[PDB]
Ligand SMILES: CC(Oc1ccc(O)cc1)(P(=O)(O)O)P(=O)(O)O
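Encoded as structure tokens, the following chain is the form solved without the ligand, with no partner shown.
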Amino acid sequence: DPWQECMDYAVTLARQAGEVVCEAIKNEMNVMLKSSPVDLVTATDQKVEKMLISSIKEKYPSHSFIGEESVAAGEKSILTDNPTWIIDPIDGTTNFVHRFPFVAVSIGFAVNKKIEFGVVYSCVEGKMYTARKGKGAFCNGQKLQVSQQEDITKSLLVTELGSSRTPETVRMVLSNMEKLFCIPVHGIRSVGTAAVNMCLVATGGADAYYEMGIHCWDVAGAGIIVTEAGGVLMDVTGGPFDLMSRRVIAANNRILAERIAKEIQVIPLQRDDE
């Protein structure tokens, strides 16, 4: 289809971006600050994003873009019906600065505000995760399938603590963690990137992911990888998944997703579309 040519190009670009990231991770880096001393950015995040947007814009000039570093530079993160490339040039910048081995390039592609395809390249691992609506999810050609776990007490969750250090926000994040932890669940894991956490759910290695504070670019690529692997996306309220809401539950099934939603208390957050 015409979107298959877009998807094939997106895989090529994700690989080229991953090579740049892989090369940069070995060298010294000037770590820069965004919103706080814990919200990081490097020249690599910015360079990768400029290369991806200029590459896609040259090939598809009528297409729209939503990129993390472009939004930090003053661009509007508004989602229209027009074909839109939703990019996180480096998802896991903190991991990248530390050489913690989970660093992803994420590309989500939306038509009529609905994701048609996703590409998440975990470059340190050399794992290319891809999915196209109705075509299934893959990691390096291996077809992915979510786990069958329907018992919350035998489940393994993934989450991240977030970029906020506000004492009130931190208490809510840890209280939500305590509640799920004491259901009990088998455990909670954190690899340091929303996109990779979600791909782990798509593989069946974890049963569900949840987070508040993420943005459309963190989840646009991985969301469709989870659903094409047989999983589900939901808001933390239990309502329909909304890409611009800052909230997500990405699980193997509705039973676990709904059970997680019941424990979570919502953190007030500025939507991506406001």
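Just count from 1 along the sequence shown to find any residue number.
Keep in mind the form deposited with the ligand bound is missing from the figure; the text below concerns it.
Colleague: Considering the ligand in the deposited bound form, which of 122, 84, 93, 155 comes within 4.5 Å of it through any heavy atom?
Modeller: Contact with the ligand in the deposited bound form is made by 93 alone.
Colleague: Just checking whether residue 247 would be counted as a contact of the ligand in the deposited bound form - the rule being heavy atoms within 4.5 angstroms.
Modeller: Residue 247: no, not in contact with the ligand in the deposited bound form.
Colleague: Applying a 4.5 Å heavy atom distance criterion, does residue 236 contact the ligand in the deposited bound form?
Modeller: Because no heavy atom of residue 236 falls inside 4.5 Å of the ligand in the deposited bound form, the answer is no.
Colleague: Please run the contact check for residue 116 against the ligand in the deposited bound form: heavy atoms, 4.5 angstroms, yes or no?
Modeller: It does not: once the ligand is placed as it appears in the deposited bound form, residue 116 has no heavy atom within 4.5 Å of it.
Colleague: Give a yes/no on whether residue 146 approaches the ligand to within 4.5 Å in the deposited bound form, heavy atoms considered.
Modeller: Outside the cut-off, so no.
Colleague: Spell it out for me: taking the ligand in the deposited bound form, does every residue among 150, 207 and 226 have a heavy atom no farther than 4.5 Å from it?
Modeller: Result no, not one residue of the spot touches the ligand.
Colleague: Tell me the stretch among 108-116, 72-80, 166-174, 191-199 that has any heavy atom within 4.5 angstroms of the ligand in the deposited bound form.
Modeller: Of the options, only 191-199 has residues within 4.5 Å of the partner.
Colleague: In sequence order, which positions of 105-119 have a non-hydrogen atom within 4.5 Å of the ligand in the deposited bound form?
Modeller: Read in sequence order, no residue approaches the ligand (within 4.5 Å, in the deposited bound form).
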